[PDB]
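Shown next, in structure tokens, is the structure this report addresses.
No value in this document is a laboratory result; all are computed from the given coordinates. Note that we place each Cβ from the backbone using ideal geometry, even for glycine, and neighbour counts take in every protein chain shown.
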Amino acid sequence: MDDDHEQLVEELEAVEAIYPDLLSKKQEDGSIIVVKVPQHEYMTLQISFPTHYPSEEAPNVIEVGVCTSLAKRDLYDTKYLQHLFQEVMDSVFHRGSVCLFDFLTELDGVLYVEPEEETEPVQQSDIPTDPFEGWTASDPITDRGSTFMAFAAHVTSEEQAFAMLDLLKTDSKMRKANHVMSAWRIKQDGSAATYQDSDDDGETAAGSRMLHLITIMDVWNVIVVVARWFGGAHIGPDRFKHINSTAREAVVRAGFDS
């Protein structure tokens, strides 16, 4: 009856993460929800969360709905499925799991609709979302068809900057992009050992521009690499805007707004 809301709200964000479109919450923060059969059926299950939620006991199945015709409407009804649904919760009534995960297993077997026995996720992504060594990169952006991304990294003298970037630059994963550009700058905060020069790689017209760009942006002792990728139409709605907020934190953090 304490952080029960936090763990509850946590599973809400988890089921959300795993299956957004599939789940539909009637209430704001859990309380009552309507999830649909884990596969993608048509039978939606209405479930409430009592003060005796998973921790105390488990959720409350209040109703089920199903899109059917006269073909198999004689096999199972709403109140009927509710009965077996409840007996399923009985499983997720005493588990370390909250409900959503352990209750789907019973239905996964008993409800049939088993195509194959191999799961196949999607690890293929152009936009980099995984951290890098000595690198802080997280500014992918999206434009019509084109993906604009950048990698930032705080550095010491030019040797480190040159190597880490030399490597990333000659790396075939970064060569996957149509054309890549890079900018380096070393300016001793109080000393005089400074090194300046401009990269080009692809579009040389972009190099000095990018250099002056970082200069006017009030930033030094940090490197940035920009790459142009080709995805779909807009790749994704949440791609640019959402990751922008994220990217903003990264770019700034690495030392670009400092």
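For the chain, the longest principal axis of the alpha carbon atoms and the long axis of helix 237-251 meet at an angle near 50°. Each other residue within a Cβ distance under 14 Å of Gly145 adds +1 if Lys or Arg and -1 if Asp or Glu, for a net charge of +1.
Suppose a student asked you for the relative contact order of the chain, using Cα pairs under 8 Å spaced at least 6 residues apart; what percent would you report?
Numbers: 391 pairs, mean separation 38.7, N = 258.
Relative CO of the chain lands at 15 percent.
Across the stretch 1-138, the volume of the C-alpha convex hull divided among the residues equals 169 Å³ per residue. The largest-to-smallest principal axis extents of the Cα set in the chain are 80, 44, 28 Å.
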